[PDB]
C-alpha cells in the first residue's frame, strides 16, 4: 500500500468535474430568496467542505485501487462521482428542486455503497468516506427542507 500519485492525481482530476459545477455558480437571488433551515451553513462553507471531501475521497479511492477485488468498490465510486456531478446543475442551474432531491438521494445511496465496499477491503478507505456520507446526509436534508419550506413551480413534464 503506497501513496500512489498517478492514482491519486487521476481521482483528484476527476473531482475537477463536480468542482467546475460549483465554479460556474453565481450569486443568485432565487437561492437567496429561499426559506432555509436554521442549521443551513453560510454559502462560503460549501466550497471549503467540498474541496476537503475531494481530497479525502481521492485518497480513499487511491488506497482501494491498489487492492485485489476492488472492482465493485470502484464501480460504486464511479457512480457516486457522476451523480455528485449531476446534482449542482439540476438544483442551481435548472432550479428543479424535486428532481435534484431524487439525484442527491441516488448520490447518497452510491456514497453509502462505496463506503461499505471500501470498508470491506480497507478500513482507512472506509473511514475516509465517513465524513463524506455525513456531508451527503446534510446535503440531502438541505435539498429536502428547501423543497418543503418554499414555493415550487412545476417542472417540464
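Residue numbers count along the first chain shown, from 1.
Relative to one another, 3 to 11 and 148 to 156 have unequal mean CA B-factors, and 148 to 156 is the one with the higher figure.
Of the two segments, 22 to 30 and 59 to 67, the one listed with the higher mean B-factor is 22 to 30 (C-alpha atoms only). The PDB entry gives the largest Cα B-factor of the residues 114, 99, 123, 88 to 123. In the PDB entry, residue 50 places in the lowest third of its chain by CA B-factor. The PDB entry assigns residue 110 a C-alpha temperature factor belonging to the lowest third of its chain's modelled residues.
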